[PDB]
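Engineer: From first to last, the protein sequence lines are chains p, p', d, d' and d''. A prime marks a further copy of an entry chain. The numbers in the first sequence follow the entry's author numbering, run straight up by one, and end at 338. The numbers in the second sequence follow the entry's author numbering, run straight up by one, and end at 338. The third sequence runs 17 to 161, 189 to 302 under the entry's author numbering. The fourth sequence runs 17 to 161, 189 to 302 under the entry's author numbering. The fifth sequence runs 17 to 161, 189 to 302 under the entry's author numbering. Please find one structure pasted underneath; my questions will follow.
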Amino acid sequence: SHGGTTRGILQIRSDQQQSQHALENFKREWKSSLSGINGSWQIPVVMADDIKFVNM
Amino acid sequence: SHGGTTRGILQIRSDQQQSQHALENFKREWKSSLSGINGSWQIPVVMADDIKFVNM
Amino acid sequence: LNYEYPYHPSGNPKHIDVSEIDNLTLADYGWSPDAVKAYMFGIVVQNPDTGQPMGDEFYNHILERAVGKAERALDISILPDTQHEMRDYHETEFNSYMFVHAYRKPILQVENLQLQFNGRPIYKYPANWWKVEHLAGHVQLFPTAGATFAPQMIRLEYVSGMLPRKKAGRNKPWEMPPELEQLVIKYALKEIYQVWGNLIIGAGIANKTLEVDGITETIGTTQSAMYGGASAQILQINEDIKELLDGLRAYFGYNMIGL
Amino acid sequence: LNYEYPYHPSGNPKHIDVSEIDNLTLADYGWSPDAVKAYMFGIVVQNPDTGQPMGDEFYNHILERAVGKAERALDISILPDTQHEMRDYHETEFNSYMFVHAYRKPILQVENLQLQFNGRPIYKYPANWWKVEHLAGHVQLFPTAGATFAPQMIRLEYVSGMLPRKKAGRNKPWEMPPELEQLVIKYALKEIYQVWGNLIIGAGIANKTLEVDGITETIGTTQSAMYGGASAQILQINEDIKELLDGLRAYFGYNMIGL
Amino acid sequence: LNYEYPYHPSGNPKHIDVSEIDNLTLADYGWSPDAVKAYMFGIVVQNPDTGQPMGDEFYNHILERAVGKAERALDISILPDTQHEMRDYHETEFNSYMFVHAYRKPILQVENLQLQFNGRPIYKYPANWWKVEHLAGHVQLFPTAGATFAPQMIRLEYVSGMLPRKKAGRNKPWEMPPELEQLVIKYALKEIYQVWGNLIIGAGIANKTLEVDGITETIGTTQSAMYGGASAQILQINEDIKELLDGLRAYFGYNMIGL
Ligand SMILES: [Zn+2]
Ligand SMILES: [Zn+2]
Ligand SMILES: [Zn+2]
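Rendered as structure tokens:
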């Protein structure tokens with residue numbers, strides 16, 4: 283009813299944060315490739331300096 | 283039907299990546315020595331600077 | 017709605033005429049020998065024995081290669097050009113509103129989009145279906161109404204590039220950011236300083252003294268057995284490049300693909 | 017309530033006229049050659065052989081690029097401009113009171129907001145529904161009364204930018220902070236010091252002595268084979284930039300998106 | 017469709033005539049002694065005792081080896097050449113639309129593609145089936161209609204290489220990037236600076252003083268017991284090479300194979 287169910291945070295890190303535009307078209311690249319049943323078994327390749335997932 | 287079943291990545295690393303020709307005749311050295319029942323219990327010796335296998 | 021056919025004013029507005037892409041030149045973006053020389057105000061580069069100044073040919077040469085370096089340093093298309101791509105069908109992205117990422121970005125406009133078989137158009141999508149995101153390099157269809192991949196099913200023709208900005212200090216997503224111009228300048232300047240740094244003194248001189256008939260002269264110089272005569276300026280320019288590339292690699296995003 | 021239609025006085029108050037955005041200039045924000053020169057009080061930049069001082073053209077050029085660098089260094093829009101966006105439908109955020117984050121911030125005002133299909137307005141939301149948060153760059157609707192996404196359903200027109208502050212020492216969320224002005228100054232100053240640092244002495248001189256007829260002169264200088272003549276000032280300016288950017292990256296937030 | 021047989025205009029467009037590959041020369045790519053000398057403006061290389069300048073023969077020699085080094089530094093084919101390959105059958109990739117990766121890239125065009133047995137063609141694939149990706153080096157078939192491998196079943200003839208770019212600042216995927224030219228230049232320049240760095244002073248001199256009859260001369264030089272006379276320039280050129288190779292190794296991809 284009220285909680286945060288959020289599994290965790292995907293931390294991507296580089297010399298500077300992406301602009302909001304860059305991040306929203308990265309969200310479009312993500313959802314058009316990986317969401318739902320249609321994307322269900324694909325794996326993204328990402329070449330950021332470091333990638334971490336924090337379990338909450 | 284659609285997934286990546288790929289077990290993992292064999293990372294071999296040295297001062298520079300092999301040419302495509304070198305890599306394709308390394309694939310021939312590999313398959314002629316190690317594939318199927320015929321190769322099933324042989325172990326390759328490799329002298330790369332470092333070798334890693336990433337489980338996916 | 018009425019429009020020049022491909023250029024539906026919501027999904028694919030016209031930003032350039034396919035004749036203007038031939039008419040645009042480096043000087044229209046401010047990349048000119050005078051622009052480089054301005055950043056070396058109070059310096060002149062000249063042949064020490066011949067006295068003749070270095071010609072603008074070398075400046076324009078250096079500038080064209082600085083643009084090439086900039087276009088690989090950021091995964092972008094700077095000068096307008098017509099791109100023709102044959103793109104693979106992939107089921108996930110074809111199902112995702114026919115998603116395709118162009119190889120070159122920004123998109124100035126899409127020119128053609130067809131599904132084909134041995135060059136025969138199987139279907140030509142109405143231009144009112146085309147959805148373009150210019151800075152992202154994304155094209156999609158929103159229709160008005189045995190294998191996961193197959194090669195070269197989709198034919199895509201478009202113009203990639205940037206237009207020179209129309210206002211001071213500001214750029215639209217299809218217009219060049221004001222300091223990518225300065226980045227290309229800095230890249231040119233870094234080579235011109237390497238040229239000039241040879242000529243401030245005679246070859247290989249790092250100290251000199253001359254004494255004649257009670258007159259003495261003695262010069263120490265910015266050359267040394269380690270550092271060349273323009274080391275300092277090149278280092279500073281490298282700092283500026285680092286800051287500029289940080290900012291511009293924040294403006295353009297991280298590359299990604301789904302496998 | 018009565019108001020100029022889009023500018024509902026609670027949710028979308030008018031902060032600028034769409035004619036004033038053409039009338040505003042860099043000098044209205046205090047970015048002027050005189051402002052740069054003030055920070056180099058007691059220095060003059062002049063061609064060592066020709067004696068002519070460096071013209072204001074280069075100052076304004078540098079200032080425009082310093083503004084561009086500042087607008088990428090902080091993910092912000094500084095000079096007022098009209099932004100037209102076509103935005104994707106996403107079910108989570110559309111359900112979250114039609115939440116959209118603008119690409120450019122601050123919002124000075126929202127100009128139009130529509131849900132559309134091939135350019136046909138499907139619905140035009142009453143301006144009394146529009147909720148704007150200017151510094152955040154957030155717009156929402158609070159109505160008075189088969190897929191999770193679809194491309195370019197939402198059409199949003201707005202003005203992004205900052206106004207020059209109306210009081211000393213203070214700024215509203217849509218007004219420029221007093222020291223972002225100083226940051227753009229410092230960026231200009233860092234290039235002008237690179238220019239001036241070439242001209243304090245003849246090219247490549249790092250020490251000199253002259254002795255003639257019992258008169259001797261000898262000068263050591265801030266140039267060296269490592270450090271250029273204005274290294275120190277550039278280093279200090281870099282420190283000030285670091286502090287300013289820390290503060291301003293605390294004023295503007297961290298970027299985030301939900302996937 | 018009508019075309020010169022192998023060069024189906026969608027899948028295998030003709031980019032060069034097999035007579036022009038003999039007519040192309042290094043100078044057509046801008047690799048010329050004058051181009052090197054331009055980057056050493058204000059320097060001349062000459063025999064200290066004989067006075068004769070270094071001949072263009074050594075320049076062209078160095079340039080040809082700089083091209084060879086560039087072709088191994090990036091896993092690429094630069095100058096057009098006809099490649100004839102006999103390729104292994106592998107079941108996974110033969111099932112994957114007859115996928116083959118060429119040893120040399122880019123592909124300018126495919127010349128022949130056959131499945132054979134002791135040199136006898138078992139099948140010759142219609143040229144309208146051939147799908148070529150030029151910069152990737154990939155060829156596939158899309159047919160119009189007891190072991191996992193066997194040796195040398197597939198016969199592939201093609202031209203690998205790059206054409207000189209047709210527009211300033213721009214290249215197609217089969218055209219040479221503007222700064223790979225500069226990379227080959229830099230490689231030549233690095234050897235020519237090693238030659239020139241021996242001749243600025245007499246052999247092994249790192250300081251000199253001469254005093255005669257009240258006249259004194261004294262020279263310090265960029266030579267030392269550690270650093271040679273052109274150490275600085277070579278270091279800078281190495282920096283430029285590093286940046287160029289970073290960019291070009293982003294343009295060409297990572298190598299991969301499935302085992
Ligand atoms: Zn992308
Ligand atoms: Zn935000
Ligand atoms: Zn490859």
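We put the beta carbon where it would ideally sit given N, CA and C, even for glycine.
Would you kindly report the start and end of the unbroken beta strand (DSSP E) that includes residue 249 of chain d'?
Structural biologist: Translated into the one-based positions of the fourth sequence, residue 249 of chain d' becomes position 206. 248-255 is the span of the beta strand (DSSP E), which, as asked, contains residue 249 of chain d'.
Engineer: Quick check: what's the CA-CA separation for residue 123 of chain d versus residue 115 of chain d?
Structural biologist: For the purposes of this step, residue 123 of chain d is taken as the residue at position 107 of the third sequence. For the purposes of this step, residue 115 of chain d is taken as the residue at position 99 of the third sequence. Spanning the two alpha carbons is a distance of roughly 15 Å.
Engineer: Heavy atom of ligand 1 less than 7 Å from the Cβ of residue 311 of chain p, yes or no?
Structural biologist: For the purposes of this step, residue 311 of chain p is identified with residue 29 of the first sequence, where counting begins at 1. Correct: residue 311 of chain p has its Cβ closer than 7 Å to ligand 1.
Engineer: Which residues in chain p' sit within 7 Å of residue 98 of chain d'', going by Cβ to Cβ distance?
Structural biologist: For the purposes of this step, residue 98 of chain d'' is identified with residue 82 of the fifth sequence, where counting begins at 1. None at all; the shortest Cβ gap to chain p' is about 16 Å.
Engineer: Can you check whether the CB of residue 31 of chain d' is closer than 8 Å to the CB of residue 144 of chain d'?
Structural biologist: Within the fourth sequence, residue 144 of chain d' is the residue found at index 128, counting from 1. Within the fourth sequence, residue 31 of chain d' is the residue found at index 15, counting from 1. In this structure, residue 31 of chain d' does not lie closer than 8 Å to residue 144 of chain d' by Cβ.
Engineer: Compare the beta carbon distance of residue 228 of chain d'' and residue 51 of chain d'' with 8 Å and say whether it is the shorter of the two.
Structural biologist: Mapped onto the fifth sequence, residue 228 of chain d'' falls at position 185. Mapped onto the fifth sequence, residue 51 of chain d'' falls at position 35. Result yes, Cβ atoms of residue 228 of chain d'' and residue 51 of chain d'' sit closer than 8 Å.
Engineer: What span of residues does the alpha helix (DSSP H) with residue 232 of chain d' cover, start to end?
Structural biologist: Along the fourth sequence, read from residue 1 onward, the residue named residue 232 of chain d' stands at position 189. Counting along the chain, the alpha helix (DSSP H) containing residue 232 of chain d' begins and ends at 221-239.
Engineer: Contact defined as beta carbons within less than 8 Å: I believe residue 249 of chain d' pairs with residue 267 of chain d'. What is the distance between those atoms, to the nearest angstrom?
Structural biologist: To locate residue 249 of chain d', count along the fourth sequence from 1; it is residue 206. To locate residue 267 of chain d', count along the fourth sequence from 1; it is residue 224. Their Cβ separation, rounded to whole angstroms, is 5 Å, which keeps residue 249 of chain d' and residue 267 of chain d' in contact under 8 Å.
Engineer: So the beta strand (DSSP E) residue 313 of chain p belongs to, where does it begin and stop?
Structural biologist: Residue 313 of chain p sits at position 31 when you count from the first residue of the first sequence. Not the beta strand (DSSP E): residue 313 of chain p falls in the alpha helix (DSSP H), residues 302-316.
Engineer: From residue 336 of chain p to residue 302 of chain d', what distance separates their C-alpha atoms?
Structural biologist: Start at 1 with the first residue of the first sequence, and residue 336 of chain p comes out as number 54. Start at 1 with the first residue of the fourth sequence, and residue 302 of chain d' comes out as number 259. About 15 Å.
Engineer: Strictly by DSSP, which residues pair up with residue 188 of chain d'?
Structural biologist: Missing from the coordinates is residue 188 of chain d'; the shown part of chain d' jumps over it, going from 161 to 189.
Engineer: Since residue 27 of chain d' meets chain d, which of its residues come closer than 7 Å, beta carbon to beta carbon?
Structural biologist: One-based indexing of the fourth sequence puts residue 27 of chain d' at position 11. Simply none; closest approach about 26 Å.
Engineer: To the nearest angstrom, how far is the alpha carbon of residue 259 of chain d'' from that of residue 54 of chain d?
Structural biologist: Position 216 of the fifth sequence, counted from the start, is the residue given in the question as residue 259 of chain d''. Position 38 of the third sequence, counted from the start, is the residue given in the question as residue 54 of chain d. About 41 Å.
Engineer: Considering Cα atoms alone, identify which of d''/146, d''/210 and d''/68 is closest to residue 26 of chain d''.
Structural biologist: The residue labelled residue 26 of chain d'' in the question sits at position 10 within the fifth sequence. If we check each option's Cα against that of residue 26 of chain d'', d''/146 comes out closest.
Engineer: Can you give me the C-alpha to C-alpha distance between residue 133 of chain d and residue 198 of chain d, rounded to a whole angstrom?
Structural biologist: Counting from one through the third sequence, the residue named residue 133 of chain d turns up at place 117. Counting from one through the third sequence, the residue named residue 198 of chain d turns up at place 155. Looking at the two C-alpha atoms, the distance is approximately 10 Å.
Engineer: Once DSSP output is grouped into helix, strand and coil, what is the label at residue 337 of chain p'?
Structural biologist: Start at 1 with the first residue of the second sequence, and residue 337 of chain p' comes out as number 55. In the structure shown, residue 337 of chain p' sits in a strand (DSSP, three-state: E or B).
Engineer: Answer yes or no: does any C-beta atom of chain d'' fall closer than 8 Å to that of residue 313 of chain p'?
Structural biologist: Taking the second sequence and counting its residues from 1, the one referred to as residue 313 of chain p' is at position 31. Closer than 8 Å: yes.
Engineer: Let me see if you follow: with CB-CB separation under 8 Å, is residue 292 of chain p close to chain d or not?
Structural biologist: Looking up residue 292 of chain p in the first sequence gives position 10. Chain d, which has no Cβ nearer than 8 Å to the Cβ of residue 292 of chain p, makes this no.
Engineer: Quick check on residue 136 of chain d: buried or exposed, where buried means 16 or more other Cβ atoms within 10 Å of its Cβ?
Structural biologist: The residue you call residue 136 of chain d lines up with position 120 of the third sequence. Label assigned to residue 136 of chain d: exposed.
Engineer: Quick check: what's the CA-CA separation for residue 80 of chain d versus residue 294 of chain d'?
Structural biologist: Taking the first residue of the third sequence as 1, we reach residue 80 of chain d at position 64. Taking the first residue of the fourth sequence as 1, we reach residue 294 of chain d' at position 251. Rounded to whole angstroms, residue 80 of chain d to residue 294 of chain d' spans 40 Å at the Cα level.
Engineer: Given a threshold of 16 other Cβ atoms within 10 Å of its Cβ, counted over all protein chains shown, does residue 313 of chain p qualify as buried or as exposed?
Structural biologist: For this step, residue 313 of chain p is matched to residue 31 along the first sequence. By the neighbour-count rule (16 or more Cβ atoms within 10 Å), residue 313 of chain p is buried.
Engineer: Would you kindly work out how many angstroms separate the C-alpha atoms of residue 254 of chain d' and residue 261 of chain d', rounded to a whole number?
Structural biologist: Sequence index remark: in the fourth sequence, residue 254 of chain d' carries index 211 (1-based). Sequence index remark: in the fourth sequence, residue 261 of chain d' carries index 218 (1-based). Their backbone Cα atoms lie some 8 Å apart in a straight line.
Engineer: Give me the DSSP bridge partner(s) of residue 264 of chain d.
Structural biologist: Here residue 264 of chain d refers to the residue found at position 221 when the third sequence is read from its first residue. For residue 264 of chain d, which the question treats as bridged, DSSP gives the partners d'/248.
Engineer: Can you list the residues of chain d that residue 63 of chain d' reaches, using a CB-CB cut of under 8 Å?
Structural biologist: Locating residue 63 of chain d' in the fourth sequence gives position 47, where the first residue counts as 1. What residue 63 of chain d' touches in chain d: 57 and 58.
Engineer: For a test of your reading of the model: does the CB of residue 298 of chain d' fall under 7 Å from any non-hydrogen atom of ligand 2? Yes or no.
Structural biologist: As a first step, residue 298 of chain d' is located in the fourth sequence; it is residue number 255 there, counting from the start. It does: the Cβ of residue 298 of chain d' is within 7 Å (strictly closer) of some heavy atom of ligand 2.
Engineer: Using a Cβ-based criterion (distance less than 7 Å to any ligand heavy atom), does residue 117 of chain d qualify as near ligand 1?
Structural biologist: Against the third sequence, residue 117 of chain d aligns to sequence position 101. Indeed, a heavy atom of ligand 1 lies less than 7 Å from the Cβ.
Engineer: Only counting the same chain, and skipping five residues up and downstream in sequence, which positions put a Cβ closer than 7 Å to that of residue 78 of chain d?
Structural biologist: Position 62 of the third sequence, counted from the start, is the residue given in the question as residue 78 of chain d. Answer for residue 78 of chain d: 231, 234 and 235, listed in chain order.
Engineer: Does residue 299 of chain d' come within less than 8 Å of chain d when only Cβ atoms are used?
Structural biologist: Residue 299 of chain d' sits at position 256 when you count from the first residue of the fourth sequence. Taking Cβ atoms only, chain d never reaches closer than 8 Å to residue 299 of chain d', which makes this a no.
Engineer: Just to confirm before moving on: does the CB-CB distance between residue 28 of chain d and residue 126 of chain d stay below 8 Å?
Structural biologist: Numbered from its first residue, the third sequence carries residue 28 of chain d at position 12. Numbered from its first residue, the third sequence carries residue 126 of chain d at position 110. Cβ distance < 8 Å, so residue 28 of chain d and residue 126 of chain d count as in contact.
Engineer: In chain d'', what lies closer than 7 Å to residue 228 of chain p' by C-beta?
Structural biologist: Given a span of 283 to 338 for chain p' in the structure shown, any question on residue 228 of chain p' remains unanswerable.
Engineer: Would you check if the distance between the CB atom of residue 288 of chain d and the CB atom of residue 82 of chain d is smaller than 8 Å?
Structural biologist: To locate residue 288 of chain d, count along the third sequence from 1; it is residue 245. To locate residue 82 of chain d, count along the third sequence from 1; it is residue 66. Not in contact: residue 288 of chain d and residue 82 of chain d (Cβ atoms no closer than 8 Å).
Engineer: Find out if the Cβ-Cβ distance for the pair residue 129 of chain d', residue 196 of chain d' is shorter than 8 Å.
Structural biologist: For this step, residue 129 of chain d' is matched to residue 113 along the fourth sequence. For this step, residue 196 of chain d' is matched to residue 153 along the fourth sequence. Contact flag unset, no.
Engineer: Using Cβ-Cβ distances below 9 Å, what residues of the region 267-288 of chain d'' are close to chain d?
Structural biologist: Per Cβ criterion, the list reads 267, 269, 270, 271, 272, 273, 274, 275, 276, 278, 279, 280, 282, 283, 286 and 287.
Engineer: For residue 302 of chain p, is the beta carbon positioned less than 7 Å from some heavy atom of ligand 2?
Structural biologist: Here residue 302 of chain p refers to the residue found at position 20 of the first sequence. Indeed, a heavy atom of ligand 2 lies less than 7 Å from the Cβ.
Engineer: Per DSSP, what are the beta-bridge partners of residue 22 of chain d'' in this structure?
Structural biologist: By one-based count along the fifth sequence, residue 22 of chain d'' stands at place 6. Bridge partners of residue 22 of chain d'': none, in fact.
Engineer: Buried or exposed: residue 293 of chain p, going by 16 or more other Cβ atoms within 10 Å of its Cβ?
Structural biologist: The residue labelled residue 293 of chain p in the question sits at position 11 within the first sequence. Residue 293 of chain p comes out exposed.
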